Amino acid sequence: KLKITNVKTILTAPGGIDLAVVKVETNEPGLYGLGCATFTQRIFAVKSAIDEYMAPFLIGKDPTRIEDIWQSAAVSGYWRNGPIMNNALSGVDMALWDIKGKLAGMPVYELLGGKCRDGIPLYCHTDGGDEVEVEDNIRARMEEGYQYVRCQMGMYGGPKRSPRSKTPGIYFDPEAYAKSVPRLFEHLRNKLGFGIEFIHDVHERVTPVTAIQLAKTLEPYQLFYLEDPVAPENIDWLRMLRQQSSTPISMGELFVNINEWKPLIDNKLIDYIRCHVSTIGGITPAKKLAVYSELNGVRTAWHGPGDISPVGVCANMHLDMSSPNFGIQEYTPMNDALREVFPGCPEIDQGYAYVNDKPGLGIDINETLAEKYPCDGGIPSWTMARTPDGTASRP
Amino acid sequence: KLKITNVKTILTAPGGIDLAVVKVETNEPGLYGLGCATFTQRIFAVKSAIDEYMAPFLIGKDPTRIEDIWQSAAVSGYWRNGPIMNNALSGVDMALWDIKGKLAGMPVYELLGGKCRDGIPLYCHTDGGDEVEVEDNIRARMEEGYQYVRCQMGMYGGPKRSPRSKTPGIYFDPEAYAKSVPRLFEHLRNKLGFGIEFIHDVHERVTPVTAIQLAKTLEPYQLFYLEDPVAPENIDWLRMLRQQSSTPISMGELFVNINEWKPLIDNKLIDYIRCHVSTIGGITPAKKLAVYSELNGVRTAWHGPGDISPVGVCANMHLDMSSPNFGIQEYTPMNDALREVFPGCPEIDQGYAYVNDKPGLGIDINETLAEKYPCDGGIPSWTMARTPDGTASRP
Amino acid sequence: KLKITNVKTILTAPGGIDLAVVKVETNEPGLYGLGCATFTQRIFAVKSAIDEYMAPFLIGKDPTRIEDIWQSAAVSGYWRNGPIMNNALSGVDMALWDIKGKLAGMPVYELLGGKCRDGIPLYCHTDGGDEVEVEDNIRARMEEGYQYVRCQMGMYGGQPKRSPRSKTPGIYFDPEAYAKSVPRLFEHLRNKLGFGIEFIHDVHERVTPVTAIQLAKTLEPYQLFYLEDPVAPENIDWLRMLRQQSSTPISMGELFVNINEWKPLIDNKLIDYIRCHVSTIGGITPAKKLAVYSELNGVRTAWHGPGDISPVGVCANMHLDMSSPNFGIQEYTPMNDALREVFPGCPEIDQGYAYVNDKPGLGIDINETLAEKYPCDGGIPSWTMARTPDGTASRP
Amino acid sequence: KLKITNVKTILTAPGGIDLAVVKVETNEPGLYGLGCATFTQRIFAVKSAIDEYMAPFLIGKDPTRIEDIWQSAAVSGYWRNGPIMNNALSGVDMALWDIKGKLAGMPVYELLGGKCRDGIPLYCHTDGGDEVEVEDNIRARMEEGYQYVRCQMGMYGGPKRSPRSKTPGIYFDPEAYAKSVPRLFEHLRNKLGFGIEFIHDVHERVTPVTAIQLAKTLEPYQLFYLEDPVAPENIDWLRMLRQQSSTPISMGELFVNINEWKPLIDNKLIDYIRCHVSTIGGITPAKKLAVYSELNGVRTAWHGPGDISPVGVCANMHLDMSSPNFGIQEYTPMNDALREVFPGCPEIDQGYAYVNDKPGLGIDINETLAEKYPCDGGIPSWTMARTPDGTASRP
Ligand SMILES: [Cl-]
Ligand SMILES: [Cl-]
Ligand SMILES: [Cl-]
Ligand SMILES: [Mg+2]
Ligand SMILES: [Mg+2]
Ligand SMILES: [Mg+2]
Ligand SMILES: [Mg+2]
């Protein structure tokens with residue numbers, strides 16, 4: 001008797017970043033579910049994938065068969081395993097989980113095993129043009145109670161002279177950046193000590209052997225993790241990196257394929273998995289990945305940037321709450337508009353997030369207010385990255 | 001405010017086999033859980049492990065924290081990873097899942113992802129003094145609707161002449177056995193054709209190279225799987241077997257340790273994992289193992305012998321209904337007394353089991369009728385197996 | 001026509017810790033064997049395994065067929081390889097070896113190959129709340145003649161992280177604070193005590209694998225005798241990575257209960273010392289095989305010798321130690337007068353060496369009347385409920 | 001204080017084959033041990049090694065420290081690990097286990113674990129000029145109760161025409177031999193069925209790839225094992241063989257070095273280990289090897305040819321009785337002179353050996369009687385083996 005009746009996409013940008021949220025409606029009045037489908041750079045293609053394909057696929061189906069729906073939806077177009085398609089899956093799969101919590105009168109984290117911890121430790125971003133400005137941010141965050149911070153200085157060497165004419169793009173200098181990082185952590189550790197945990201994100205910006213040298217050279221500074229030392233396309237290089245360095249490694253925010261993460265985890269080539277939950281297809285595959293990670297002694301560090309709706313932020317945190325091998329939660333602070341469009345955002349208190357104990361994902365969306373923040377769209381400029389000679393780089 | 005108030009063990013043998021069942025009670029009316037702790041050969045030590053250690057560990061705690069309770073209970077005695085300790089964990093763990101289901105008003109399979117299939121295909125046992133009587137039992141089961149059957153002939157050579165005086169034991173002949181099997185199956189395929197699926201259990205009765213030769217020789221007869229070709233102590237020999245044979249392999253009913261199954265599944269050394277759910281610690285670790293197997297393309301075939309309670313049977317089947325990588329369910333038909341003592345046994349109809357949609361595991365125990373069948377105790381004769389020269393062997 | 005006539009458990013706690021000892025009686029009056037079955041956290045379940053299962057299995061059987069009995073008892077329940085079941089095996093196994101030595105008029109170490117050394121070097125525990133207390137305790141043990149010491153400061157960090165606003169009960173620790181703190185501790189010890197003294201540190205599975213690898217690398221200059229339990233049994237695959245990078249000697253194994261745990265480690269040279277609790281792997285018979293397998297791979301023995309092992313198990317450790325060419329070290333926990341009185345025959349301790357007597361079998365007895373005067377406490381220890389700062393239940 | 005007072009070597013040939021036996025005497029009345037040092041082709045050098053080196057090394061030492069003495073003697077001349085050195089070591093070591101047994105009042109097998117089986121299954125040799133005389137020898141042995149036989153025909157081809165000149169030697173033809181073996185076994189299996197167990201010894205006579213083909217071609221004939229398909233110098237070729245063949249393999253009669261057997265056993269490259277007990281250093285090292293093998297699921301098959309003293313026959317069998325992984329025992333019938341010179345020979349009855357229950361090794365030597373059978377000495381012809389072109393080969 002219980003059936004899905006409609007599946008819609010809501011495009012909104014209350015925090016200044018384009019989000020896509022899927023609402024799954026049922027034939028029981030007042031019962032619906034929400035999921036995150038935020039691939040911010042391709043939101044109009046996610047909307048199209050949802051509206052043209054997922055909706056007619058799902059109408060009339062029983063929403064509680066979460067796994068049957070996930071498996072059959074994922075193969076419905078034959079070709080599969082990519083970010084746009086995975087996000088259409090995630091919008092729906094999170095919405096079904098959310099519905100299931102509502103039917104059970106339980107938060108999703110109670111369905112997945114119950115609380116494994118009393119609060120969810122967070123890290124946040126601290127930027128700076130130089131060593132002194134970065135420290136200032138770290139200081140401001142420490143006073144708010146963060147015990148973990150990600151430290152970047154500048155924009156990856158944004159130093160060598162270019163040729164006499166340049167093709168447009170955002171120019172960076174990988175070797176300049178690579179030499180400056182150790183100097184940054186020497187300063188920070190000297191200034192602030194070793195109580196505070198540091199994360200640094202290489203963001204696939206240097207060649208693999210440069211990343212290996214960096215990992216080795218940062219060993220004295222004891223990072224919580226070094227993130228993204230290679231692109232997904234270069235993951236075989238981690239065999240060599242892990243023969244030589246003891247700095248903790250994270251990878252995975254870019255992953256969209258089991259053949260990317262499985263070999264890393266099987267071989268202990270990373271210490272934290274960083275997948276963007278919606279980008280791997282939602283709660284159902286993320287839970288599986290978390291378990292695979294757990295048995296291999298690898299911990300989770302779900303991607304938590306600004307380009308994730310509060311619905312996905314709840315999703316991450318429900319997974320965090322119920323995972324024994326939870327590592328840490330990246331967190332990007334929200335504005336008032338986001339909290340008003342999405343009542344139920346988790347409470348943030350002194351470096352910890354406390355999720356509410358409302359049923360499902362414990363999160364709502366106000367469609368009326370959402371319409372007041374239409375999406376910008378447009379090509380981001382920062383993904384056009386060039387090295388000093390003008391070579392287009394993975395950004 | 002919800003609390004565990006009592007934990008007790010019930011020993012009963014309605015089917016003529018010593019069963020152990022754990023009841024977990026709470027301070028909410030009508031809200032309790034049952035789980036299976038059946039390790040039938042050490043039932044009195046499992047009772048001691050539950051009564052002396054688990055029960056005081058649990059009284060007063062929040063039963064919804066299934067993962068936290070499982071993790072902390074499993075390390076409560078420091079040493080861990082064994083069949084008695086695991087069965088004590090399982091009795092609690094399945095009971096906590098049973099309780100969660102009741103709180104949510106849902107079958108456990110609904111909590112674990114929902115229905116993946118319309119029914120659970122079963123296999124049953126068929127024995128016989130010879131190729132003629134085995135074939136008669138196979139026909140009988142095919143009339144009842146079974147489409148998969150396990151074929152054994154005799155008791156593994158129970159032939160070389162023994163020495164002049166024999167030390168007591170159940171004597172078998174591993175070489176006579178191994179030669180006779182391929183003839184068993186040549187006869188069965190000629191008789192019955194290739195429509196019916198056949199399983200054969202080596203039960204660790206031969207040397208590893210002998211099992212490899214047996215697996216190779218049975219290839220033409222196309223077994224659904226060849227079970228336990230090696231003892232858990234000899235798992236490294238499966239590397240050799242899998243370079244040479246294409247007969248599908250199941251392993252794991254004896255497994256109690258992740259270091260036993262993780263290497264085999266990681267290297268594609270088996271096709272079906274056979275763990276006895278309570279012996280690995282219950283639904284919680286069993287679900288993780290199902291997922292681990294899933295990502296590696298290995299399917300489940302949970303142990304379903306006579307020495308498992310109807311509660312453990314229901315756990316198997318709830319795992320079976322929510323696993324996309326479900327392989328097959330071994331089934332031992334129950335007598336009237338078992339169905340009377342355990343209200344809610346799955347319905348068995350033409351080779352399929354159909355679970356009820358009742359909340360939790362959908363199963364209960366009548367404590368008064370259970371008392372009419374006290375456990376026998378004693379040590380089984382069959383675990384004292386000797387080869388022709390008198391050597392004590394892994395049964 | 002020698003036969004086993006009865007098998008019984010004695011549960012006693014003369015040193016404040018609960019012990020289980022097995023007595024195997026025969027139809028030869030006065031001839032019996034004693035074995036250690038001490039799994040202290042589960043002694044009542046161990047007692048049940050022996051009383052309900054081992055007893056009927058063994059009554060009537062010829063006690064001299066140690067290997068046959070071990071093999072047939074180990075698989076008597078079909079399921080096998082776990083701490084309670086191995087301890088019931090061990091109680092019987094050591095008791096049979098004890099009987100064989102009594103029949104032969106020889107200590108067990110004589111049946112296992114005879115003396116390979118002239119005494120058994122020991123290490124003792126030295127703890128402290130801070131660097132100086134550790135060092136003071138070290139100086140006190142050196143004065144008693146100890147030449148190896150295990151050094152732990154504090155309780156695994158329990159500058160610690162702030163926890164969330166409510167805490168679930170448990171014993172709280174902070175693995176990152178602990179990790180940072182260890183190298184500082186050894187730099188102090190070495191600067192104050194020099195390099196003559198041998199140091200052992202136990203990580204006790206308290207940190208993530210890559211943290212332990214970093215720790216092993218950082219400790220290299222301080223030259224530990226061994227770094228113990230860098231990973232949990234569940235994580236042994238991480239030792240492949242640690243052994244590609246660190247030259248700190250490693251020991252593993254007090255938690256081991258399964259061959260599929262230790263065989264790949266030793267085959268691949270992933271550790272330098274095997275640390276099994278002898279009763280927890282099933283007694284002298286399997287311990288001797290492990291020692292031999294180790295030897296051929298160049299790995300040495302360091303059998304677990306905590307407070308929670310009876311003096312009979314201690315004698316077993318030492319008869320194995322006396323007869324192994326690849327003996328590494330023997331952890332020793334000093335006994336009080338009550339242990340010595342309940343178990344006459346305890347080995348002599350003298351200037352960091354232990355000297356086993358030359359009486360037949362394990363050379364140890366039990367005064368059953370005196371044993372009854374120290375009943376077992378029981379209960380659940382609090383320490384195995386360990387939580388990191390956010391509240392997560394941890395491997396203790 | 002118990003001390004070794006004398007060590008002498010006794011060379012004798014009661015069975016037509018040069019034997020060496022060591023007697024270690026002590027300062028306790030009636031307390032002496034015997035052991036085997038029989039490297040029959042080099043007996044005179046083995047006597048020199050014992051008389052000039054071992055004897056003075058031992059005098060005045062305590063014979064109960066078997067392991068200390070073994071370890072320290074093994075390295076007493078610095079260089080080590082060879083057949084002559086090992087044999088001198090065996091002679092003392094077996095003697096010391098013999099002394100320990102007499103002190104204990106127990107058979108050596110009781111010191112090593114107690115009885116593991118009720119008697120020792122034997123195999124014997126059956127040779128023949130052709131396929132039909134071989135059969136006749138098999139029937140003869142079957143009448144005497146042997147259930148396992150080793151089947152060879154002729155002399156490994158002893159067919160291409162050789163060059164016009166021929167260097168002296170025993171000529172064979174490996175290519176003709178390889179092609180004859182599978183035909184021998186097909187004939188024998190056709191005539192004798194699969195009740196009787198067959199062994200075949202390739203004796204390092206063919207190239208490695210030829211042995212692999214042989215191993216595969218014989219699979220249908222189901223040998224108990226195929227022995228020595230490669231020379232010790234060619235063990236790396238077993239990796240290839242075991243990827244392709246399921247015929248059980250035995251190796252090791254020629255082994256004298258741990259780096260020979262340890263790789264084969266770790267990697268499951270053999271099923272039976274075939275070492276000559278005295279040629280690896282006696283009971284002490286063989287027992288360690290039996291245990292290393294057991295932990296890897298490999299079974300023992302100690303060398304039991306004519307060039308072993310009945311003292312060595314007794315040591316094989318005391319190992320055989322106390323080994324859970326015993327596989328089979330090769331046995332060469334003794335004549336009346338051997339049984340007269342060596343009182344305490346095992347009783348042989350219908351294909352089983354039954355060792356006496358006397359203390360130590362239960363065997364002794366009549367020195368006066370031994371002197372009536374002096375050692376011929378000399379150089380055997382058979383080890384000068386040539387292929388058709390004249391090439392000196394591994395015999
Ligand atoms: Cl799609
Ligand atoms: Cl037991
Ligand atoms: Cl020599
Ligand atoms: Mg990043
Ligand atoms: Mg089975
Ligand atoms: Mg320790
Ligand atoms: Mg040979």
# chains A, B, ... in the order shown; residues from 1 in each chain; ligands from 1

call {"tool": "residues_near_ligand", "arguments": {"ligand": "ligand 3", "cutoff": "9 Å", "atoms": "only C-alpha atoms and all ligand atoms", "output": "ChimeraX atom specification"}}
result
/D:46,48-50,52-54,73-74,76-77,80,84-89

call {"tool": "residues_near_ligand", "arguments": {"ligand": "ligand 5", "cutoff": "12 Å", "atoms": "only C-alpha atoms and all ligand atoms", "output": "ChimeraX atom specification"}}
result
/B:124-125,150-152,199-205,225-231,249-255,273-276,301-307,330-331,395 /C:78-79

call {"tool": "interface_residues", "arguments": {"of": "chain C", "to": "chain A", "cutoff": "7 Å", "atoms": "only C-alpha atoms", "output": "list in words"}}
result
residues 159, 164, 166, 167, 168, 210, 213, 214, 235, 238, 241, 244, 245, 390, 391 and 392 of chain C

call {"tool": "closest_residue", "arguments": {"among": "D:278, D:293, D:366, D:387", "to": "chain B", "atoms": "only C-alpha atoms"}}
result
D:293

call {"tool": "interface_residues", "arguments": {"of": "chain A", "to": "chain B", "cutoff": "9 Å", "atoms": "only C-alpha atoms", "output": "PyMOL selection string"}}
result
chain A and resi 64-69+71+100-101+103-106+110-117+258+262+266+284+288-289+291-292+295+322-324

call {"tool": "atom_distance", "arguments": {"atom1": "CA of residue 42 (chain B)", "atom2": "CA of residue 43 (chain C)"}}
result
15.4 Å

call {"tool": "residues_near_ligand", "arguments": {"ligand": "ligand 2", "cutoff": "6 Å", "atoms": "only C-alpha atoms and all ligand atoms", "output": "PyMOL selection string"}}
result
chain C and resi 49+53-54+85+88

call {"tool": "residues_near_ligand", "arguments": {"ligand": "ligand 6", "cutoff": "12 Å", "atoms": "only C-alpha atoms and all ligand atoms", "output": "ChimeraX atom specification"}}
result
/B:78-79 /C:125,150-152,200-206,226-232,250-256,274-277,302-307,331,396

call {"tool": "atom_distance", "arguments": {"atom1": "CA of residue 93 (chain B)", "atom2": "CA of residue 19 (chain B)"}}
result
16.7 Å

call {"tool": "residues_around", "arguments": {"residues": "region 175-191 of chain D", "least_positions_apart": "5", "cutoff": "8 Å", "atoms": "only C-alpha atoms", "output": "PDB file with N, CA, C and O atoms, in the first residue's frame"}}
result
ATOM      1  N   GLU D 131      56.588 -54.343 -17.379  1.00  0.00           N
ATOM      2  CA  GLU D 131      55.290 -54.070 -16.757  1.00  0.00           C
ATOM      3  C   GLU D 131      54.635 -55.280 -16.080  1.00  0.00           C
ATOM      4  O   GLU D 131      53.812 -55.121 -15.178  1.00  0.00           O
ATOM      5  N   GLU D 135      54.107 -56.119 -11.940  1.00  0.00           N
ATOM      6  CA  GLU D 135      52.812 -56.553 -11.423  1.00  0.00           C
ATOM      7  C   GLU D 135      52.959 -57.738 -10.482  1.00  0.00           C
ATOM      8  O   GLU D 135      52.363 -57.760  -9.400  1.00  0.00           O
ATOM      9  N   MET D 153      60.069 -49.279 -13.163  1.00  0.00           N
ATOM     10  CA  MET D 153      60.331 -50.281 -14.177  1.00  0.00           C
ATOM     11  C   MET D 153      61.693 -50.040 -14.817  1.00  0.00           C
ATOM     12  O   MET D 153      61.998 -48.923 -15.242  1.00  0.00           O
ATOM     13  N   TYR D 156      65.309 -46.275 -15.584  1.00  0.00           N
ATOM     14  CA  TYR D 156      65.187 -44.939 -16.168  1.00  0.00           C
ATOM     15  C   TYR D 156      65.689 -44.906 -17.604  1.00  0.00           C
ATOM     16  O   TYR D 156      66.497 -44.046 -17.980  1.00  0.00           O
ATOM     17  N   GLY D 157      65.195 -45.846 -18.407  1.00  0.00           N
ATOM     18  CA  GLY D 157      65.540 -45.906 -19.825  1.00  0.00           C
ATOM     19  C   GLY D 157      66.783 -46.730 -20.122  1.00  0.00           C
ATOM     20  O   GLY D 157      67.089 -46.976 -21.282  1.00  0.00           O
ATOM     21  N   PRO D 159      64.571 -45.461 -27.151  1.00  0.00           N
ATOM     22  CA  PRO D 159      65.895 -45.134 -26.596  1.00  0.00           C
ATOM     23  C   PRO D 159      66.827 -44.566 -27.678  1.00  0.00           C
ATOM     24  O   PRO D 159      67.061 -45.240 -28.673  1.00  0.00           O
ATOM     25  N   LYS D 160      67.341 -43.345 -27.497  1.00  0.00           N
ATOM     26  CA  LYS D 160      68.162 -42.731 -28.531  1.00  0.00           C
ATOM     27  C   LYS D 160      69.478 -43.461 -28.714  1.00  0.00           C
ATOM     28  O   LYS D 160      69.982 -44.114 -27.795  1.00  0.00           O
ATOM     29  N   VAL D 206      64.775 -36.304 -14.907  1.00  0.00           N
ATOM     30  CA  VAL D 206      64.309 -35.586 -16.094  1.00  0.00           C
ATOM     31  C   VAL D 206      64.421 -34.064 -15.940  1.00  0.00           C
ATOM     32  O   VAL D 206      64.594 -33.560 -14.836  1.00  0.00           O
ATOM     33  N   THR D 210      59.667 -31.427 -18.031  1.00  0.00           N
ATOM     34  CA  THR D 210      59.328 -32.812 -18.342  1.00  0.00           C
ATOM     35  C   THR D 210      58.634 -33.463 -17.135  1.00  0.00           C
ATOM     36  O   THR D 210      57.684 -34.219 -17.299  1.00  0.00           O
ATOM     37  N   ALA D 211      59.139 -33.166 -15.938  1.00  0.00           N
ATOM     38  CA  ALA D 211      58.561 -33.609 -14.684  1.00  0.00           C
ATOM     39  C   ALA D 211      57.204 -32.980 -14.449  1.00  0.00           C
ATOM     40  O   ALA D 211      56.347 -33.581 -13.846  1.00  0.00           O
ATOM     41  N   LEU D 214      54.894 -35.033 -16.761  1.00  0.00           N
ATOM     42  CA  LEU D 214      54.714 -36.280 -16.046  1.00  0.00           C
ATOM     43  C   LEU D 214      53.694 -36.175 -14.895  1.00  0.00           C
ATOM     44  O   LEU D 214      52.763 -36.984 -14.803  1.00  0.00           O
ATOM     45  N   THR D 217      50.231 -35.869 -16.407  1.00  0.00           N
ATOM     46  CA  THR D 217      49.782 -37.074 -17.090  1.00  0.00           C
ATOM     47  C   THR D 217      49.382 -38.216 -16.138  1.00  0.00           C
ATOM     48  O   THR D 217      48.504 -39.028 -16.445  1.00  0.00           O
ATOM     49  N   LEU D 218      50.019 -38.267 -14.978  1.00  0.00           N
ATOM     50  CA  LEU D 218      49.742 -39.314 -14.007  1.00  0.00           C
ATOM     51  C   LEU D 218      48.566 -39.017 -13.102  1.00  0.00           C
ATOM     52  O   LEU D 218      48.198 -39.867 -12.278  1.00  0.00           O
ATOM     53  N   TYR D 221      45.859 -41.587 -12.558  1.00  0.00           N
ATOM     54  CA  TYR D 221      46.288 -42.829 -11.912  1.00  0.00           C
ATOM     55  C   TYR D 221      46.411 -42.658 -10.410  1.00  0.00           C
ATOM     56  O   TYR D 221      46.675 -43.627  -9.698  1.00  0.00           O
TER      57      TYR D 221
END

call {"tool": "atom_distance", "arguments": {"atom1": "CA of residue 299 (chain C)", "atom2": "CA of residue 300 (chain D)"}}
result
24.2 Å

call {"tool": "select_by_dssp", "arguments": {"residues": "region 130-288 of chain B", "states": "helix (DSSP H, G or I)", "output": "JSON, numbers by chain"}}
result
{"B": [131, 132, 133, 134, 135, 136, 137, 138, 139, 140, 141, 142, 143, 144, 174, 175, 176, 177, 178, 179, 180, 181, 182, 183, 184, 185, 186, 187, 188, 189, 190, 191, 192, 208, 209, 210, 211, 212, 213, 214, 215, 216, 217, 219, 220, 221, 232, 233, 234, 235, 236, 237, 238, 239, 240, 241, 242, 243, 244, 258, 259, 260, 261, 262, 263, 264, 265, 266, 277, 278, 279, 280, 283, 284, 285, 286, 287, 288]}

call {"tool": "write_last_selection", "arguments": {"atoms": "C-alpha atoms", "output": "CSV table (one decimal), in the first residue's frame"}}
result
chain,number,residue,atom,x,y,z
B,131,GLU,CA,24.1,-44.3,-4.6
B,132,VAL,CA,20.6,-45.9,-4.7
B,133,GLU,CA,19.4,-44.7,-1.3
B,134,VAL,CA,20.9,-41.2,-1.7
B,135,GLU,CA,19.0,-40.9,-5.0
B,136,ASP,CA,15.7,-42.0,-3.2
B,137,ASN,CA,16.1,-39.2,-0.7
B,138,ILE,CA,16.9,-36.7,-3.4
B,139,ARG,CA,13.7,-37.7,-5.2
B,140,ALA,CA,11.6,-37.3,-2.0
B,141,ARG,CA,13.0,-33.7,-1.5
B,142,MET,CA,12.5,-32.8,-5.2
B,143,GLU,CA,8.8,-33.8,-4.7
B,144,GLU,CA,8.5,-31.3,-1.8
B,174,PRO,CA,39.9,-40.6,3.6
B,175,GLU,CA,41.4,-42.3,0.5
B,176,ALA,CA,38.4,-44.6,-0.1
B,177,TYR,CA,36.1,-41.6,0.4
B,178,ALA,CA,37.9,-39.3,-2.1
B,179,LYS,CA,37.9,-41.9,-4.9
B,180,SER,CA,34.2,-42.7,-4.3
B,181,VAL,CA,32.9,-39.2,-4.5
B,182,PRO,CA,33.4,-38.6,-8.2
B,183,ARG,CA,31.6,-41.9,-8.8
B,184,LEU,CA,28.7,-40.7,-6.6
B,185,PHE,CA,28.2,-37.7,-8.7
B,186,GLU,CA,28.6,-39.4,-12.1
B,187,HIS,CA,25.7,-41.6,-11.0
B,188,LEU,CA,23.6,-38.7,-9.7
B,189,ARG,CA,24.0,-36.6,-12.9
B,190,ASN,CA,23.1,-39.6,-15.1
B,191,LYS,CA,20.1,-40.3,-12.9
B,192,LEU,CA,18.8,-36.8,-12.2
B,208,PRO,CA,44.7,-30.5,1.0
B,209,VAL,CA,46.3,-31.8,-2.2
B,210,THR,CA,43.6,-34.6,-2.1
B,211,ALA,CA,40.9,-31.9,-1.9
B,212,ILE,CA,42.4,-30.1,-4.9
B,213,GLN,CA,42.4,-33.3,-6.9
B,214,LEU,CA,38.8,-33.9,-5.8
B,215,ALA,CA,37.7,-30.3,-6.8
B,216,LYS,CA,39.3,-30.8,-10.2
B,217,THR,CA,37.7,-34.2,-10.8
B,219,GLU,CA,34.3,-30.0,-12.4
B,220,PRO,CA,32.2,-31.9,-15.1
B,221,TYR,CA,29.4,-32.5,-12.5
B,232,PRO,CA,40.6,-23.5,9.0
B,233,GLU,CA,44.1,-24.3,10.1
B,234,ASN,CA,45.0,-25.0,6.4
B,235,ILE,CA,43.4,-22.0,4.6
B,236,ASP,CA,46.7,-21.1,2.9
B,237,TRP,CA,46.3,-24.2,0.7
B,238,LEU,CA,43.3,-22.5,-1.0
B,239,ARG,CA,45.8,-20.4,-2.9
B,240,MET,CA,47.0,-23.5,-4.8
B,241,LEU,CA,43.5,-25.0,-5.2
B,242,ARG,CA,42.2,-21.8,-6.8
B,243,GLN,CA,45.0,-21.6,-9.4
B,244,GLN,CA,43.8,-25.0,-10.6
B,258,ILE,CA,38.5,-12.3,11.1
B,259,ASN,CA,42.0,-13.5,10.3
B,260,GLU,CA,40.5,-16.7,9.0
B,261,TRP,CA,38.0,-15.2,6.5
B,262,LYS,CA,39.4,-11.9,5.5
B,263,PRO,CA,42.4,-13.3,3.5
B,264,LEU,CA,40.2,-15.8,1.7
B,265,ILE,CA,37.6,-13.2,0.7
B,266,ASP,CA,40.2,-10.5,-0.1
B,277,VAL,CA,26.1,-16.6,12.6
B,278,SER,CA,26.0,-17.0,16.4
B,279,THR,CA,29.6,-18.3,16.3
B,280,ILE,CA,30.9,-15.1,14.7
B,283,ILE,CA,23.7,-10.2,13.4
B,284,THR,CA,26.1,-7.3,13.8
B,285,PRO,CA,29.3,-8.8,12.8
B,286,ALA,CA,27.5,-11.1,10.3
B,287,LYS,CA,26.0,-8.1,8.4
B,288,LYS,CA,29.5,-6.6,8.2

call {"tool": "residues_around", "arguments": {"residues": "residue 345 (chain B)", "least_positions_apart": "4", "cutoff": "12 Å", "atoms": "only C-alpha atoms", "output": "list in words"}}
result
residues 309, 310, 311, 312, 313, 314, 315, 317, 333, 334, 335, 336, 337, 338, 339, 340, 341, 353, 354, 355, 356, 357, 358, 361, 362, 363, 364 and 365 of chain B

call {"tool": "residues_around", "arguments": {"residues": "region 353-360 of chain C", "least_positions_apart": "4", "cutoff": "12 Å", "atoms": "only C-alpha atoms", "output": "PyMOL selection string"}}
result
(chain C and resi 31-33+97-111+114-115+117-124+144-148+311-312+314-323+329-334+344-349+364-365) or (chain D and resi 104)

call {"tool": "residues_around", "arguments": {"residues": "region 173-187 of chain C", "least_positions_apart": "2", "cutoff": "10 Å", "atoms": "only C-alpha atoms", "output": "number ranges by chain"}}
result
A: 194-195, 197, 222, 224; C: 130-132, 134-135, 151-163, 170-171, 189-192, 194, 199, 201, 203, 206-208, 211-212, 214-216, 218-224, 386-391, 394

call {"tool": "select_by_dssp", "arguments": {"residues": "region 109-345 of chain B", "states": "strand (DSSP E)", "output": "ChimeraX atom specification"}}
result
/B:120-126,148-151,170-171,197-201,225-227,249-251,272-273,299-300,329-330
